[PDB]
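Peer 1: I have a structure here, written as structure tokens, and I will follow up with some questions on it.
Because the Cβ atoms are built from the backbone with ideal geometry, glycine has one as well, and the counts that use them run over all protein chains shown. Where a number appears in this text, it was derived from the coordinates with a stated rule and is not lab data.
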């Protein structure tokens, strides 16, 4: 139950504010409807309805049909629109971090360990760190654009 | 509306009438001493600032917004003293809302914060108790957070046009860059090597602040005397109406108490 | 709120709360004056005077004593006119434009004729 | 002064004069404010508020309504604590250190614990 | 920020399928409870009027 | 009437409630300055 | 319920609302309208107290409601004036204070040797313009163990019910309350007196006091959260969680208009997620060290949606 993490789960764009507010309102209304309603069928007091009705065999026939089965507004799991989009979202957003965020962590560790170290050998290692820092600066401007 | 409730309301209204009448008599004695300081400040404003009238000193284009200074007091019970000072500064800030405001009182800073809270750049408290002097005006002019880097510098105050009413006037203050760019500024023999342009604007800031504080204190003291006289007159009318209701309630209480003892003794 | 609705119940509680604050502070406005109040008390005193005169409508039987026509405001028009004046939509109008009128339609027509 | 002594008679007359003078000065503060008070009127208003709260002690039978424990002050400790506060020995202490306390020993312990 | 986006996108993708299943389960329980209460209220109102 | 010694606070109206609120507000501001000065001069 | 002095439409409307909410099966209704004789309305307090005394003497608890006490005093003076008797004060009988004190003294809590029962008395006093210094108003307030003052100023603004914290008090103290509500709201009686003096300072023009900003904002949210609607009673488990979030400062960051929606959302989340904390406050009736740490952590995480 991520409360503070679900509000900041999106990126820098504010286009996901309408989709996140509609999903949170639908989940709260569905849980409140199940708690406000009774978690049972019905009483159906046939002991005081069959002997009090004017017509003979009136309340006895209606009590047997209501306690059997009837139709209800329900659906099946055939239209799995959210299940099909879950695999495509993880393969484009979550799977992109396995090659973009992983390459940035390996390049930052190699540049920090080389720029901090004697003369000609240290200058050669600093050249590779300078090239990685220049590429990181261009990637930082592209991430904000 | 009983006998105990009418006696507590009549006794509390009588104490407020004596405090309002004593405050009006004390305001008249303070107005006589304040009249000498206001008359002396008017003669100094026409002699020290006489060089600006003969040289035609005026401003032109705006240089990084401007600067406003609302001179008032920190206490109340003065009628429409704080309402007239806040209404005059809000009308002139419509054409230039990017200018800063320097409130010189608790009454002017409370009304300006409800309309333009971001325009308040300086707040000065403790100036409405005693009378103004040259030491209070010279200390606020040197610590105004760069007061010489503005094109126009207005001083909002209350000018006492009569001895009963007043009006909110305004006086502009030129900077060092506008004093040397006048028309007839080179008519007098001034030393260009020493401080002549910067010394004219620094001396005019303390003189204009002392004249505005002296005129604002006399107008606030005159307005407080009119409000105290109106409060004492309104308390006398309420005490007369409460005395008529207390007299009728006292006669009705004696008749109701005597009717209860006469009914039980006759049965 | 179970008979008149949630919209009519909130307008009745807001109009009664503004009139109770101005009546309790009548001892300072009649002695010291209206300038002794603060910023929040000054706006509540002006809205309470206009709400008291707007509820007084001229009846049809009292046309010979008042001179104006009879106004019969409905239940839905009276709830919408009181909620708009308490929110700040009619604060620029005068206090005499709502005295002896109807709903929100008669208050806007009386203010335009008096300013011409 | 012939039953309680000359020292106890001056403490009872000094506490009654300071409490009676605070009622007349409070009426002027409700209309004019604290600006009309001088140096002697400002110190008398602060000493009258601390003397009224120091005389209220927590009873032993009223422990279910107050919460604190019951304190019992003697006759010699009550006369020594009232004479020191009227001279100027406890002017730097706050008004909450004497409220619901005992004698002079409980007022000094409550001021150091509230500042930490 | 990029590493935190991987765990957030993986959690939001699984929550989308559970939110659609929770709305269908709540609508089925509300429809069955309203249909059963309507049959019980209609039989009780007819029995109270006849008695 | 006579005996107006403390008739403002004894009424309990508009002037009586404003006098108690003005004295409580001034005593609350002075208690914060006295408690802060005693903590810095405890040793 | 002993409806004495009411009309015929008021007694029929109150009995119909209790039967629809499953509450008239264990409640005695004493019908005593004003259209009957003066002897029937005056003896309505003594007849209703005899029926409720049978349960307190056996081992059960009773609750009598004498509505109203002002109507019973007018009915006793009408029958005494027609029997050729001398009147007293305000055209009433001599034993006016003894008639109301004798009927209220019988509703007391018995000991363990008498059965262990008790009888609660709820007498309503109808005032005239808030004048509590009358003859029938001062006599009933000095015989009962506390009174609930209902002012007409706060009732019209929307604060229902208008219960003055500075006027209404209880003589029993904290002994007649539960241990769960007394722990989370131990300073509820002291916060009402401090917030009343700070609320009047906002109308004077003072905008300083940074230390008093937390107490003034928490006082306005605590008064709106305690105001409930009609026919909407709360239990001890739902009132202990609402009083702990308003006294600890957790409701100071919320808005004033969202105080009504925050009460329904906090009670619904505690019944489906952390249901073990709500059942422990109702069964045990108190909160130890483990119950105080679990209630503070759940209230802080629920404030951010």
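Peer 1: Hey, what angle do you get for helix B:3-47 against the long axis of chain B, alpha-carbon based, 0 to 90 degrees rounded to 10?
Peer 2: It is inclined by approximately 20 degrees.
Peer 1: Could you give, in nm with one decimal, how far residue D:92 is from each other copy of that position, shortest first, with labels 7 Å out from Cα toward Cβ?
Peer 2: Here residue D:92 shows inter-copy label distances of 6.0 nm.
Peer 1: Grab the residue from chain C whose Cβ hugs the C-to-D rotation axis most tightly, plus its distance in whole angstrom.
Peer 2: C:31, 5
Peer 1: Compute the convex hull volume of the Cα atoms of segment C:1-68, divide it by the residue count, and report the result per residue in Å³ as a whole number. Write down the numbers at each step before the final one.
Peer 2: Working: hull volume 9.4 nm³, N = 68.
So the per-residue hull volume is 138 Å³.
Peer 1: Tally the DSSP beta bridges in chain G and give the antiparallel ones as a percent, rounded to 5. Mind dumping the intermediate values first?
Peer 2: Values: 3 of 14 bridges.
Rounded to the nearest five, the antiparallel share is 20 percent.
Peer 1: For a quick check, take a GNM of chain B with Cα springs below 10 Å and name the residue from B:239, B:69, B:140 with the largest mean-square fluctuation.
Peer 2: B:239
Peer 1: Cut-off is 10 Å between beta-carbons; in what order do C:45, C:4 appear when sorted fewest neighbours first? If you can, show how the numbers build up before the last one.
Peer 2: Numbers: C:45 16, C:4 12.
Lowest to highest Cβ neighbour count: C:4, C:45.
Peer 1: Among DSSP beta bridges whose residues both lie in the protein assembly as shown, state the antiparallel percentage, nearest 5. Display every interim value, and only then the final one.
Peer 2: Values: 8 of 31 bridges.
If we restrict to bridges inside the protein assembly as shown, about 25 percent are antiparallel.
Peer 1: Further question: Can you give me the orientation-averaged projected area of the convex hull built on the Cα atoms of segment B:113-267, in nm²?
Peer 2: It is 17.2 nm².
Peer 1: If each of residue B:117 and residue G:187 carries a label point 7 Å out from its Cα toward its Cβ, how far apart are those two points in nm?
Peer 2: 2.7
Peer 1: With N denoting the number of residues in segment C:35-116, provide Rg(C-alpha) divided by 2.2 N^0.38 Å, to two decimal places.
Peer 2: On the way: Rg = 13.8 Å, N = 82, 2.2 N^0.38 = 11.7 Å.
So segment C:35-116 has a normalised radius of gyration of 1.17.
Peer 1: Which three lengths, in whole Å and largest first, does segment A:62-111 cover when its Cα atoms are put on their principal axes?
Peer 2: Sorted largest first, the three principal extents are 82, 16, 10 Å.
Peer 1: Per the helix-only calculation at 222 nm, which mean residue ellipticity applies to chain D, given -39500 (n - 2.57) for every DSSP H run of n ≥ 4 and division by its residues, nearest 500 deg cm²/dmol?
Peer 2: -19000 deg cm²/dmol
Peer 1: Right, next: Once you average over the residues of G:36-42, how many Cβ atoms of partner chains fall within 10 Å of each Cβ?
Peer 2: Rounded to a whole number, the mean comes out at 0.
Peer 1: Residue D:20 label points, 7 Å along Cα→Cβ, one per copy: pairwise distances from this copy to the rest in nm, shortest first?
Peer 2: Result, one decimal in nm: 4.1.
Peer 1: Kirkwood-based Rg over Rh for chain B (C-alpha set), two decimals?
Peer 2: Ratio of gyration radius to Kirkwood radius: 1.24.
Peer 1: Please find the FRET efficiency linking residue C:64 to residue C:2, where r is the Cβ-Cβ separation and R0 is fixed at 35 Å, and quote it to the nearest 0.05.
Peer 2: 0.25
Peer 1: Shifting gears a bit: Provide, in order from the shortest bin, the percent of all Cα-Cα pairs of chain F in each 5 Å bin, continuing until the bin that contains the maximum pair distance.
Peer 2: The calculated distribution, bin by bin, is 5, 19, 17, 13, 12, 10, 9, 7, 5, 2, 1, 0.
Peer 1: What percent does the relative contact order of chain B come to when contacts are Cα pairs within less than 8 Å and at least six residues apart?
Peer 2: Normalised by residue count, the contact order of chain B is 30 percent.
Peer 1: Which semi-axes, in whole Å and largest first, does the equivalent ellipsoid of chain E have when worked out from the alpha carbon gyration tensor as the square roots of 5 times its eigenvalues?
Peer 2: Each semi-axis is the square root of five times an eigenvalue, giving 49, 7, 4 Å.
Peer 1: Give the separation of the Cα centroids, segment B:138-204 to segment C:45-92, in Å.
Peer 2: 54
Peer 1: Nearest 5 percent is fine: what portion of the DSSP beta bridges confined to chain B is antiparallel?
Peer 2: Here the share of antiparallel DSSP bridges comes out near 30 percent.
Peer 1: Between residue B:196 and residue E:18, what is the FRET efficiency for a Förster distance of 60 Å, r being their Cβ-Cβ separation, to the nearest 0.05?
Peer 2: Approximately 0.15, to the nearest 0.05.
Peer 1: I need two numbers for the protein assembly as shown: Rg to one decimal and Dmax as a whole number, Cα atoms only, in Å.
Peer 2: Looking at the protein assembly as shown, its Cα Rg and Dmax stand at 38.3, 130 Å.
Peer 1: Please tell me the relative contact order of segment B:35-149 in percent, rounded to the nearest whole number, where contacts are Cα pairs under 8 Å and at least six residues apart. Let's see the in-between values first.
Peer 2: Working: 111 pairs, mean separation 29.5, N = 115.
Relative contact order of segment B:35-149: 26 percent.
Peer 1: Could you check the spin-label model distance between residue A:121 and residue G:160? Points 7 Å from the Cα along Cα→Cβ, value in nm.
Peer 2: Simple spin-label model gives 8.7 nm for this pair.
Peer 1: At a 10 Å Cβ-Cβ cut-off, how would you order F:42, B:82, fewest neighbours first?
Peer 2: Ascending Cβ contact count within 10 Å gives the list F:42, B:82.
Peer 1: Further question on the same structure: Roughly speaking, what % of Cα-Cα pairs in segment G:163-305 are separated by over 19 Å, rounded to a whole number?
Peer 2: Counting every Cα pair in segment G:163-305, those more than 19 Å apart make up 56 percent.
Peer 1: Could you please state, rounded to a whole Å, how far the C-alpha centre of segment A:47-124 is from the C-alpha centre of segment G:90-151?
Peer 2: So the two Cα centres are separated by 63 Å.
Peer 1: Cα convex hull of chain A: mean projected area in nm², to one decimal?
Peer 2: That works out to 15.7 nm², a quarter of the Cα hull's surface.
Peer 1: Still on this model: With r as the distance between the Cβ atoms of residue A:1 and residue E:38 and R0 = 35 Å, compute the FRET efficiency 1/(1 + (r/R0)^6) and round to 0.05.
Peer 2: 0.50
Peer 1: Measure out, as a whole number of angstrom, how far apart the alpha-carbon centroids of segment B:16-57 and segment G:1-46 sit.
Peer 2: 76
Peer 1: If we count other beta carbons within 10 Å of each Cβ, what is the order of E:51, A:59, G:198, fewest first?
Peer 2: Sorted ascending by nearby Cβ count, the order is E:51, G:198, A:59.
Peer 1: Relative contact order for segment G:1-50: what is it in percent, counting Cα pairs under 8 Å that are at least 6 residues apart? Intermediate results must be reported in sequence, preceding the final value.
Peer 2: Working: 47 pairs, mean separation 24.6, N = 50.
Contact order relative to length: 49 percent.
Peer 1: Could you work out which residue, out of G:205, G:249, G:59, moves most in a Gaussian network model of chain G, that is, has the largest mean-square fluctuation with Cα springs under 10 Å?
Peer 2: G:205
Peer 1: Here's another thing I want to ask about it. So for chain G, Kirkwood radius off the Cα pairs, Stokes-Einstein at 10 °C and 1.306 mPa s: how many µm² s⁻¹?
Peer 2: 70
Peer 1: Follow-up. For chain G, modelled as a GNM with alpha-carbon contacts under 10 angstrom, which of G:286, G:263, G:19 fluctuates the most?
Peer 2: Of G:286, G:263, G:19, the Gaussian network model singles out G:19 as fluctuating most.
Peer 1: Between residue B:161 and residue A:43, what is the label-point separation in nm under the 7 Å Cα-to-beta-carbon projection?
Peer 2: Result for the modelled spin labels: 8.3 nm.
Peer 1: For chain E, what does the helix formula give at 222 nm: sum of -39500 (n - 2.57) over DSSP H segments with n ≥ 4, over the residue count, nearest 500 deg cm²/dmol?
Peer 2: -36000 deg cm²/dmol
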